[PDB]
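Here's a solo chain for you in structure tokens, the form deposited in one PDB entry.
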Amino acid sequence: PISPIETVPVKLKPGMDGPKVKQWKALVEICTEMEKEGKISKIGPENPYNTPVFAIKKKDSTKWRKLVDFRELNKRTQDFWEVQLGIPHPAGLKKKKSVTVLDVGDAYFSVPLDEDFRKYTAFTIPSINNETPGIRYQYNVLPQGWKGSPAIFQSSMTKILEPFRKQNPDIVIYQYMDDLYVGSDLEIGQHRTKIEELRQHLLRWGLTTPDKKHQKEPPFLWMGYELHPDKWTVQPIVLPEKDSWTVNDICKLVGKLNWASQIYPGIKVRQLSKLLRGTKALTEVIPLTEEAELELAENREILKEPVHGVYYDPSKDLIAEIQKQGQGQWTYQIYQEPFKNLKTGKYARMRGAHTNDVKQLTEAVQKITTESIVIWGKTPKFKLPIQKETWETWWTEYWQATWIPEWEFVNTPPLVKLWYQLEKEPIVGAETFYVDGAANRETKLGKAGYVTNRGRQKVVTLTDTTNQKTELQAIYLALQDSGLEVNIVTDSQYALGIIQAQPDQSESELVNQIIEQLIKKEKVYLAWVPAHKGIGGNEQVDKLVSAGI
């Protein structure tokens, strides 16, 4: 049926005509079954518009479908505010005495289209047999590929399930598109007979529920998983074991993996996924890299080994426990009692040229938080690979305002740390190094160097370079010609900025070394002075490096 629900007004963008083209081949006829159902009416040829059409087949080949390419209409219809904000998660289901999972039948085709807009959805079959001026329908229901349908349908669904959701403030219905899951505080046969009053509700509004009525049938199927009374698991995932690999071939993988990594802990994808780096091709083959292949090896390992998830309760409490995986990667996992996982994840995002393990830890804690608020709607308690103290260190000296929430030290190696601190105070004893670099921006030739109280002076001429770079090279000379204790005086804020921030990794080879040498050092004191203002001995270095440029 078509629903009795009031219809939803949609315009075209502020100045468009509507679509219009034609198409062409044994044109087959479901298109009259719709006629007698009200879902399309026939139209008189002073309706200007036409949109192409065609046929294919079902996403589970049981029917040999029809479809319209509103790809033109879509591009001229008003914008919407879509209303699916996210995908519900199983791990966020707090389990109810009784349950069902039913689906609406033929639902797009069950809600009316605004009539002031139906004309635009006018499509026209070629001919009954290859030529006569053919037939011409509009739609009276939500079409199967117009950008309006989903948003509008979802709204309508909601706006209908409404009186059930208050006539029962307390039976829980998870609604994703045209699919339902039902949750009841009632014993099976009052649920059973409550699920009826529901089905009958939808019917009254024009939504039928065939079977398709997942019943006394745990495992319920829902949302791509396999719910149970007490656990849940992902319908098995099979890895693209394609002995040669191209890009799209690998994206196939990582995507299965990220989907995988929501329940199978440990899943990690750093090396697969720097393979896309640089490319200009989408199909271009990619030689499986050594650390990659070795990494790829690891994942297939995990998924063999089977696992489940669990449900939630406002009763017991949420825990998140992060663990340092490899290079810039992390693996979390939320639960409520010890080895019973509730959800897990994977934060590997690389934000910055230069970072250290404590900011990645911060980001991960950030990702996991907002996400918990999304699923369970509250912030968790954490357990983190970093000693209560390292944090206070960091949170003391770092100049930006940072903050991790209610947490407690777990002892899961690798542990997080700051591979070196800078000195607050200059070093009695240490050579005091004055560094400075220059570089001609025409010639891209440069210079970096140093000058100490003990009167020492290098001056390496760099090439194909930038001013910023040389100023970081000079800090680099200084550290590698200085012994285990050293003060340095740079004129560059750019440099002072990176290093104060205490990087253990960066995109730069220069900074990655400057980090090496910083760890090897015993005490450093980095000090700044304004450039080109005649200071001792920022003056002396500054000429050293500045003749030639």
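Counting begins at 1, following the sequence as shown. Rigid core (definition): largest C-alpha set, two forms, superposition within 1.5 Å.
Form deposited in another entry: not shown, discussed below.
- When both forms sit on the same rigid core, the CA shifts between this form and the one not shown reach 2 angstroms or more only at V53 out of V53, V486, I498, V489.
- Annotation for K523: C-alpha shift under 2 angstroms between this form and the one not shown, rigid core superposed.
- The rigid-core alignment places the CA of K216 2 Å or more apart between this form and the one not shown.
- Core-aligned CA deviation for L67 between this form and the one not shown: 2 Å or greater.
- Between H214 and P229, the Cα spacing is larger in that other deposited form than in the shown form, differing by no less than 3 Å.
- In that other deposited form, the Cα positions of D60 and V247 lie at least 3 Å farther from each other than in the form displayed.
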